[PDB]
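Q: Generate a structure from the sequence data that follows.
(2 chains, ligands or ions: 2)
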There are 2 protein chains.
Amino acid sequence: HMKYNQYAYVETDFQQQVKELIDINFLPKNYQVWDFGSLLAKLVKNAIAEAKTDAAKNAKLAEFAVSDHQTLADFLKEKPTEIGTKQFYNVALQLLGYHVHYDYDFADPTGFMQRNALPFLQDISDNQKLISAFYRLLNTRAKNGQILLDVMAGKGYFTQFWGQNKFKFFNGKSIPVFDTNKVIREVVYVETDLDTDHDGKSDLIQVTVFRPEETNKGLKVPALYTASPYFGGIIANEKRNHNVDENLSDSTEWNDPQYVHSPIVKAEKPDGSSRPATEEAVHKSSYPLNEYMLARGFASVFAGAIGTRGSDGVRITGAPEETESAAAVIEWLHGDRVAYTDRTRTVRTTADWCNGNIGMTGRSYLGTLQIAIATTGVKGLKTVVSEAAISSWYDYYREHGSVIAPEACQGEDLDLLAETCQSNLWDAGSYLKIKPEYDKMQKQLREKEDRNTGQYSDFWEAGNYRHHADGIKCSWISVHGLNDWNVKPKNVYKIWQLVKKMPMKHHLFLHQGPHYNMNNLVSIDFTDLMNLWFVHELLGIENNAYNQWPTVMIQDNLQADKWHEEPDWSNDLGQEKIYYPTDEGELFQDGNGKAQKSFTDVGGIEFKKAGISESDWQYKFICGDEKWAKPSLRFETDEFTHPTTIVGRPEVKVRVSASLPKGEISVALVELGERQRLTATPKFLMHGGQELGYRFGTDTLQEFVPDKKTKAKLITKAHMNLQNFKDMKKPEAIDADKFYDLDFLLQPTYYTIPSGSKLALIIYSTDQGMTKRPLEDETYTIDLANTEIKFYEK
Amino acid sequence: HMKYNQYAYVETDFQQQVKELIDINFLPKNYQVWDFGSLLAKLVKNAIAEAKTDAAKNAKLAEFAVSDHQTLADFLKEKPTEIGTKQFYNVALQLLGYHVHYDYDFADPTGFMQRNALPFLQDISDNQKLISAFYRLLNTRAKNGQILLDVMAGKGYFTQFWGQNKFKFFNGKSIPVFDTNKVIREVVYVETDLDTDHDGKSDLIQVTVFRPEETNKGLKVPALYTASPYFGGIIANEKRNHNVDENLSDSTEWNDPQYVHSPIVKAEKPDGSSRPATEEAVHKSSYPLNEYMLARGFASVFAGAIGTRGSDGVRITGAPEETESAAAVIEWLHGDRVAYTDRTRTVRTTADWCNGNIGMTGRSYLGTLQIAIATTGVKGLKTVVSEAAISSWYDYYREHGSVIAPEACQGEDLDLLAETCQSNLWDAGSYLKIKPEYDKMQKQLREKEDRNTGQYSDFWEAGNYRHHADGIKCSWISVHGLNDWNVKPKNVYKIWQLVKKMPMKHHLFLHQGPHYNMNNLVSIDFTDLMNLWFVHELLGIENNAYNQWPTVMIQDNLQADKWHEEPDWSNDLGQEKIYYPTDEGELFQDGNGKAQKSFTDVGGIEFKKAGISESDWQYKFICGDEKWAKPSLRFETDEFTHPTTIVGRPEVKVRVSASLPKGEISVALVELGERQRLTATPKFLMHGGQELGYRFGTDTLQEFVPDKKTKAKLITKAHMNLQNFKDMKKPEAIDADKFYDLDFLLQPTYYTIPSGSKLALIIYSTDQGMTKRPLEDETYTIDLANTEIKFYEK
Ligand SMILES: [Ca+2]
Ligand SMILES: [Ca+2]
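A: Numbers count the residues shown, from 1 in each chain, chains lettered A, B, ... in the order given. Ligands and ions are numbered 1, 2, ... in the order given. Next comes the structure:
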């Protein structure tokens, strides 16, 4: 049993139900003259889209059952005038892909449905109720995660409408009435206003367009644009990641690198003419959601922008030029910027197939650039679905004055990520020209990123999208995994605090995954919600999308099929609590420790000697392995007697002294207890079990499940440079053996500690997987009488 | 660097090269009047299939390079009359998907190609040599594993031929000139001669047909038939696996269960008429090879047979009825047996689209049924590619009188596997009728499989295909993973010894995988070999397939891109060696131990107490973890001073006494040493990086790579029941504390122990992952003076 929760079902009255059923050729136009048996047989047989003649459909009826002693065929032969509730759903559950005995009992089909959160109609005693039961059924999530109508679509139900060259809606959502055999996958070259490769010419960027062939027949469609720096190819460079096994250095060496923009060379203007594209796409959609929506009439557009394959320029990680080159594609889609058929710039081509409404899609670098482009208020951008996104690039490689890696990306920085996406180097003819420009940018990025001091700067400030949040004009969806330690959740939290204040409509989805999607889960119909959303925002159809579901949806960390509905994500969801350490290694609301406890950090010496992995170190560390926990102070609460939900950003105050005139402190909150927590990533339940359309590719149904027992889980943590004790934006010299007050915030969370578990505050320094790993020892002393951890709880 | 070894390239003379290039519209019909520059530009531009106009192709030429200082476009502008070798392959390597600097240097492109086993022409000094260099290039394996021509195919190169309704060959292989947008995926119902569900009627079996639409225009095509008991759905029943935590029992309780065949009800005969199918397929191809060949004109046919969804009957695991129902599909394909459009049996439909030549495909249960069907000599079956196959069902759940599981399938048996594939239960209307018949078969299988005694029987003998090997008339390819501990390699070895003797053509492929495919590897062009093979065997085209590559190809366990070419797989590949234990725990060709060493087997008591996994136990066991190695005797050789390759089936003799009047002995050979062995499964290198055709789905390029260091690897092992000391087919009572001589064979292998490693013989009893796990202790005493291990080495 798992709850296939459904939030995207729009309440529909019977007249509108009838209208939609007739429109999709499911219900006869004159349904009122049809008797009950004739109706029920036709509606079941129409759902059985794999049988193509009426004879074939009829033979299929023997394979369904209304009870443990009667097939559907034999039921129909009795000339029935109604159908009991259990009888109908003994048929329905099979249409939904459930199996009798193994999933449900003949005796209790609606009991089963109730426990998988599937709706059912209690009363089906006439033609009207039977039609409404079948309308709800078509809108019912099947075992493979998709509503029954999409299973019918996978069986080709909607190919009968192909060639009608128009959108068609069902329960407010676009359905697959487009000839996906004829879908157009072409390539153009948009002209930016940039000259990042210093050749005196506007940088052209290769742009991949997937559009329904129906656009060749006058239908204008919206576009879902994905700004993907990876789209042209990904250069592996992990061996070039900067060494992190180095001692800390004096941050007062900071001299505040400055941001300087690239040369501008303004592009020509569009002149009205257009010739069709002359190149077919070779790169594929990187998110099944886009292909799903493409089968349903929405074009998808993909571009790497400057520095990527078949494009001019260099990557400049996080810079305004990455925003501008990426936004240039929307300007072309809205008909304001020029594009060409090839890189000779001789023949202009337009996005005249586009209805002028653009939304964005994609995660990570792709969701990062949606935040960036949104702040420019570019005309045409109506909505973003920003997934797993960086909202400020300092927050991806730094924190509180210190150099802090993404998980499994030790030593990565702006210069590494620039090369990673510098895929025009793969064109060896362009390599001759681009290689020197790429080298110059490598030197500038390596210098300005300032790994020596870890400090913020005017340079880093250029990559802080949150300081232009006032520019956002589009509606807003953010998606983020609560356990994403790659793009850490601080990014989405801090942009949400700004965006939630703004007049446009906004939602937030937080799932239990790490750097990972949530479009194909058992527990939430995210794809159907986005369908409803994109139809409202990009087709201007009034389908209740602005009233359909809650602002914030937060997947529960104890039950994967529980989704919390909240008005916000902020400390304001809970109430303030403060825990104080004790001299006995405890953590209590009335704690009153007074000792000065010390720990000797041994940098990366012992970690690199032991040869263990970074994730092995982290787990043994938070579990309190003696060998790895020795460089730390641990404070445990007593076992919780009721579950408690920590919400928002915990804030630590800590008075500390260091043996050297420099250093860093890390602070973590850990849940203690041996139990089966959720799997790190969703478990695959039906591999390629979802149809994106008719013969249009698949996705995999999955969901988090109880894992092998673990003894602990990291809730949240953060790091801080000692020399920033006074100012997050300005370092200061410090004396060894003098106490300083650090006050800083941890990563945002939404985490239910279950009863019977303990909460551990850990104070330490070197994080083998995310800080620098010094080659020297350093002793820290913490004044327990001036240390505390404060967080909000619900 | 990895060797993309190529065995499928057929030597072609220049006249035949020219003929094929013209035929695929790559070379102009009057190529002799074209000057060098005009030729080279056209041939490069034709390879660039993603650009669709000549203008677009021309602009692409600037993106390639002939040297570190000249693009291809600028080279062409110099009016060249030849091209140097390094200049050509600086272009070619980019067409092959390699990247300059990151993969190869401008200075040494053919050096790079040499080290990836890519061919290159040393001399390109005129139009003739340039055409031959381009012919070889089109036939050159690209970085994604596919020959360049298939990359062009992915780019739609061959859609220009769609609608010509005929096969087209290139280098002896079928190429994708079929309209895969119009491919036909339909369903019929073949009528068997069986009544396994006791309803008085022939069992019908649902059959899924994928055929090129070109068959509607009179083209007859061959069929690749996959007998898949899973095709209708897979019922999970792992929790029902029989308990293996039980004490051994007296095998003389054996009373020799007998095999009895199901009722026969002969099917009607075909009468000439045929109407087209009325049902579309809902299940997908389960092997990318089939879809690849389907884009190239070969229909693929899939059927679960009796007991599966939309079919009558019950599964009877391994029985003749599973062979007969599966063979019924070939008889329909050859036009000898009837089929209907639906299960009313009212309308006949034929396989008149089929040219009468059938081959089989698929692994595991699917490759098992190919061996079974082959022994019947069914008319139409021309060749099998039998992968990961059982050749005798006793050898899947038993060995030497003992109950021996497949890896991770403890407690599985015939009755479990029957239910697993009993997918017509998913049709709840048929469940009413089938459930009682399934229950009766469960009782009969559970009883006759005789898990109590572990013995062979007349019943088991019914599932021994090797005793009907004389019936095989088809040519033969076997594929098996040397590390498959699910379908253990004994199965393929023993059928190979019979098949290799027969007059028809035969090959064998042994890879380093476990229960896993090898159609998409870096190191071998298996897919292209099968293309050449299927064209020779099913289209009757003389394309050198019978002379193209060696009989046996064996992937090396030390270098994943080394494939051994051998005439056989047998002890005859090496020379006999015998090692004898010592009283000091050593193993030497001149060993001379004389003690009686004992070990106390503690069944599953300690294993189940420790809660560790079965694979954890196995690794710690073969490494010699004190806690788990105590119930065993270990004998180590000294380190090897030269690599040695063990070949064939090692044979152990061992004199043993047991503390109880029953028992079992296990014997393993283990390679000792801490080093990076190959990954358990291939590492994904280009996820979905292979195109099956044009817009026709993908496969993933992969290859075994060095893994994290391990301290040991299992080479081979086997088990034996003490009471079978006299007869493998007949148990005997035994006295406790009396010595018996066991003489038996281990699993077949082909394993190079590297110099510096040791060879360990382990004698033990309870294998926590594959034998019964007794609840009592039992002490074994081994007479070292009458114990030895003999194997052949090369
Ligand atoms: Ca430029
Ligand atoms: Ca029957």
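Q: Name the SS class of the residue of the stretch 251-400 of chain A found nearest ligand 1, please.
A: Distances from the stretch 251-400 of chain A to ligand 1, computed as CB to the ion, single out residue A:312 as the nearest residue at 4.8 Å. Where C-beta positions appear, they are placed from N, C-alpha and C, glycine not excepted. Local secondary structure at residue A:312 is given as coil here, using DSSP: H, G, I helix; E, B strand; the rest coil.
Q: so what's the residue nearest to it when sequence neighbours are not counted up against?
A: The spatially closest residue to residue A:312, leaving aside those adjacent along the chain, is residue A:203, at 3.9 Å (CB to CB, 6 or more residues apart in numbering or on different chains). By CB atoms under 8 Å, 6 or more residues apart in numbering or on different chains, the contact set of residue A:203 is A:191-192, A:194-197, A:306, A:311-313, A:325.
Q: With residue A:556 instead?
A: A:512, A:562-564, A:752.
Q: With just CA atoms, put the longest helix seen in chain A into PDB.
A: Longest helix in chain A by number of residues, with DSSP state H as the criterion: helix A:428-449. Output in PDB follows, covering the C-alpha atoms of helix A:428-449 (Å, rounded to 0.1, in the frame of the first residue of the first chain):
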ATOM      1  CA  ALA A 428      38.300  20.900 -33.600                       C
ATOM      2  CA  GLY A 429      38.000  23.600 -36.300                       C
ATOM      3  CA  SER A 430      36.800  26.100 -33.700                       C
ATOM      4  CA  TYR A 431      39.300  24.800 -31.100                       C
ATOM      5  CA  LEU A 432      42.100  26.600 -33.000                       C
ATOM      6  CA  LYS A 433      40.300  29.900 -32.300                       C
ATOM      7  CA  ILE A 434      38.600  29.200 -28.900                       C
ATOM      8  CA  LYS A 435      41.400  27.400 -27.000                       C
ATOM      9  CA  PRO A 436      43.400  30.700 -26.400                       C
ATOM     10  CA  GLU A 437      40.200  32.500 -25.400                       C
ATOM     11  CA  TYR A 438      39.400  29.700 -23.000                       C
ATOM     12  CA  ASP A 439      42.800  29.800 -21.500                       C
ATOM     13  CA  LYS A 440      42.500  33.600 -20.800                       C
ATOM     14  CA  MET A 441      39.200  33.000 -19.100                       C
ATOM     15  CA  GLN A 442      40.700  30.200 -17.000                       C
ATOM     16  CA  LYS A 443      43.300  32.500 -15.700                       C
ATOM     17  CA  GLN A 444      40.800  35.200 -14.900                       C
ATOM     18  CA  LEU A 445      38.300  32.900 -13.200                       C
ATOM     19  CA  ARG A 446      41.000  31.100 -11.100                       C
ATOM     20  CA  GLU A 447      42.300  34.400  -9.900                       C
ATOM     21  CA  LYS A 448      39.000  36.200  -9.200                       C
ATOM     22  CA  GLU A 449      37.300  33.200  -7.500                       C
END
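Q: Help me see whether that helix makes contact with ligand 1, please.
A: No - taking CB under 5 Å from the ion as the criterion, helix A:428-449 and ligand 1 are apart, separated by no less than 9.0 Å.
Q: Against which helices or strands is that helix packed?
A: Under the contact definition 3 or more CB pairs under 8 Å, 6 or more residues apart in numbering or on different chains; DSSP states H and E, helix A:428-449 sits against helix A:414-420, strand B:65-67, strand B:70-71.
Q: buried stuff in that helix?
A: Residues of helix A:428-449 classed as buried by neighbour count (16 or more other CB atoms under 10 Å in any protein chain shown): A:428-432, A:434, A:437-438, A:441-442, A:444-446, A:448-449.
Q: roughly how far out does the next helix or strand after that helix sit from the chain middle?
A: Heading C-terminal from helix A:428-449, the first helix or strand you meet, by DSSP states H and E, is helix A:458-461. For helix A:458-461, the separation from the chain centroid amounts to 26 Å (computed by CA atoms, centre = their mean, to the nearest Å).
Q: just checking, what packs against helix A:458-461?
A: So helix A:458-461, by 3+ CB pairs under 8 Å, 6+ apart, packs with no helix or strand.
Q: Who are the contact partners of the residue of the stretch 251-400 of chain A closest to ligand 1?
A: Contacts here follow CB under 8 Å, 6+ apart; on that basis residue A:312 touches A:196-197, A:199, A:201-205, A:306, A:424.
Q: quick one, helices of the stretch 1-150 of chain A?
A: Under the criterion DSSP state H, counting those that start in this stretch, helices of the stretch 1-150 of chain A are mapped to A:14-23, A:36-47, A:54-60, A:72-77, A:85-95, A:109-115, A:127-138, A:148-154.
Q: Would you format these as CSV with mean neighbour count and distance to residue B:741 included?
A: Putting the helices of the stretch 1-150 of chain A into CSV (neighbours: other CB atoms under 10 Å in any protein chain shown; distance: least, CB to CB, whole Å) gives the following:
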stretch, mean neighbour count, distance to residue B:741
helix A:14-23, 15, 79
helix A:36-47, 19, 67
helix A:54-60, 19, 63
helix A:72-77, 18, 65
helix A:85-95, 23, 59
helix A:109-115, 18, 59
helix A:127-138, 21, 69
helix A:148-154, 24, 62
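Q: Quick check: the residue of the stretch 551-700 of chain A found nearest chain B vs residue A:182, distance?
A: Nearest to chain B, among the residues of the stretch 551-700 of chain A, is residue A:688, at 7.4 Å (CB to the nearest CB). Distance check for residue A:688 against residue A:182: by CB to CB, to the nearest Å, it reads 23 Å.
Q: Now residue A:650: closest residue in space that isn't a chain neighbour?
A: Leaving out its chain neighbours, the residue that sits closest to residue A:650 by CB to CB, 6+ apart is residue A:791, at 3.7 Å.
Q: Over to residue A:671?
A: The shortest distance from residue A:671 to any residue other than its chain neighbours is 4.9 Å, reached at residue A:713 (CB to CB, 6+ apart).
Q: do the same with residue A:460
A: Counting by CB to CB, 6+ apart, the residue nearest residue A:460 is residue A:394, at 4.3 Å.
Q: what about the nearest residue to residue A:87 once chain neighbours are set aside, how many residues close to it?
A: Distance criterion CB to CB, 6+ apart; nearest residue to residue A:87, sequence neighbours excluded, is residue A:66 at 3.9 Å. Each residue near residue A:66 was counted by other CB atoms under 10 Å in any protein chain shown, and the total is 25.
Q: wait, isn't residue A:66 in contact with residue A:75?
A: Yes - with contacts defined as CB atoms under 8 Å, residue A:66 counts as touching residue A:75 at a distance of 4.6 Å.
Q: residues bridging contact with the two, i.e. touching both?
A: Looking at what touches both residue A:66 and residue A:75 (by CB under 8 Å, 6+ apart), the common residues are A:83, A:87.
Q: Identify the residues contacting the residue nearest to residue A:87.
A: Contacts for residue A:66 were tallied using CB under 8 Å, 6+ apart; they are A:72, A:75, A:83, A:87-88, A:90-91.
Q: what do you get if the cut-off is 7 Å, keeping everything else the same?
A: Residue A:66 makes contacts with A:72, A:75, A:87, A:90-91, as judged by CB atoms under 7 Å, 6 or more residues apart in numbering or on different chains.
Q: mind listing the helices for the stretch 651-794 of chain A?
A: According to DSSP H, counting those that start in this stretch, the stretch 651-794 of chain A contains no helices.
Q: Spell out which residues of it are next to ligand 1.
A: By CB under 5 Å from the ion, no residue of the stretch 651-794 of chain A approaches ligand 1.
Q: Can you name the residues of the stretch 651-794 of chain A sitting close to chain B?
A: Within the stretch 651-794 of chain A, no position lies close to chain B (CB under 7 Å from any CB of the partner chain).
Q: Likewise for chain A?
A: Of all the residues in chain A, those lying near chain B are A:50-53, A:55-56, A:59, A:62-65, A:68-69, A:71-72, A:90, A:94, A:99-100, A:102, A:155-156, A:181, A:235, A:278-280, A:282, A:341-344, A:426-432, going by CB under 7 Å from any CB.
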